[PDB]
Structure formats: structure tokens, C-alpha cells
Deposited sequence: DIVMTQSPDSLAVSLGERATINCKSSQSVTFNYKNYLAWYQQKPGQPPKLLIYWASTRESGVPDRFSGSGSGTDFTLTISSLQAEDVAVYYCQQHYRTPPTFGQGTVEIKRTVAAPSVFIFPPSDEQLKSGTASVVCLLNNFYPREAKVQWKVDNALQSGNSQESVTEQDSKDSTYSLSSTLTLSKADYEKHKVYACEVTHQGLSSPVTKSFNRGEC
């Protein structure tokens, strides 16, 4: 197949660009077989640009496309909150048509997460499982590390993380880390702690509770 690759954040009202490379030329007899699409959560992709540089009807004129052969660019002249999205570059010179993927992000000043820990509810403990939730709220940039310590014993393999899309109001991320233990294993320990590392924190921050 022809391989599409995005090879790489911008402040609001500034110009954003997305670069896409194809593994062989997708230009044939002076036409560039390259389209750009935007995709928002829960929605299909929407055509932005076709034949590399023709903007689709109804697309705001801050969107444009350029390039030829193997190297293409999508330029957003004035980045806006509603433009934060996944973008796809598609080649359709050969079947299978293939899609390269990348994301536009609002750049903002560094913000440390506010950290919160939640013990398992009494309602949940009625069944056999305990979920301990650590919330890292409203941080930037996205890179963050969470470590679970139970009685200072580092945990491994029993946690799952999930991260939100960039917030439209303040351009931050939030992240949940959920530690899953059996009720028996949960009752056999006192201290539960999540330790959070982030560029906005001068030193890692620990939030913790004693069971009960």
C-alpha cells in the first residue's frame, strides 16, 4: 500500500500547519491525489481540501492545502478552538486509499494538575472489587506520569489510565488513573497513594488516604 505519515502546538489566532508525506508520489499527470479531512469526536470525517489545494465548499477560508509529489501541508491561518481535532491526509492515487493521522493542539502556558484521590465507595465494596481513582485535573502539556504506591509498595499491572481531549475553555487535559484490587487485597493495606510527575510541578505531588 502507499503509506501516509504525519511528521510534526500553536497559540490561538496563530497559524497552524500539518505535514503529511506519502511513501511514493501521488501526483499523476499534474493532479495531486491527496485530500484532507477533519474529524471531531462522535462525528464522521469531513472533507476540507481536495486535489491537494482546492478548498471544499462551506469550509472556512482559514483552511488551505499545498504541496505535491510526496510532501503536502494543511495550513490553518488563524487557529481557533473549534479547529482542535484529528486531521487525516488521504491518498487516493492507488487502491487501497490510505489515510495518515495527526492532531492539532492549542499551545498554552504550562499548568500543573490539581490532584485528587478517591477511595472505593461503600456501595462498590459490597461486591468483591475496589477501585481507587486518582484524578489529574486541568494540566498542560499532556505528558504526565502517575505511580500507585500501596504501603509504599509500588504497583504494576493493576491500573489503567484515560485522558480527555483538550478542553475547549482552557486548552488543558485531564487524566484518570484507576487502581483495581480485590476487596480482600484492599482490606489488607492501609495507605493508598498516587504520585504524580508533571513539568508544572517543582517536585512530584502525592495524594493519599488511609483505608477507613
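In this chain the deposited sequence has gaps in the coordinates at 9-11, 216-217, listed in sequence order.
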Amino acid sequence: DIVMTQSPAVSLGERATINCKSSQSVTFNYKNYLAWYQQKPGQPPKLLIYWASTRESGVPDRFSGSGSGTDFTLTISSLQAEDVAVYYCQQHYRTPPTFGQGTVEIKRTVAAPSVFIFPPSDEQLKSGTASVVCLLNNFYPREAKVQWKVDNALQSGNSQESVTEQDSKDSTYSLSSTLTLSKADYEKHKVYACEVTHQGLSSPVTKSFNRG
From here on, numbers count along this sequence of modelled residues.
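In this entry, the higher average B-factor at the C-alpha atoms falls on 143-151, of the pair 143-151 and 37-45. In this crystal structure, the stretch out of 119-127 and 83-91 whose C-alpha atoms carry the higher mean B factor is 119-127. Residue set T109, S78, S114, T73: peak C-alpha B-factor at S78 (per PDB entry). Among all modelled residues in its chain, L175 ranks in the lowest third by Cα B-factor.
Among all modelled residues in this chain, the alpha-carbon of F63 has a temperature factor (C-alpha) in the middle third. Among the modelled residues of its chain, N32 has a C-alpha B-factor that falls in the lowest third, as given in the PDB entry. Ranked by Cα temperature factor within the chain, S182 sits in the highest third according to the deposited record. The deposited CA B-factor of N19 belongs to the middle third of values across its chain.
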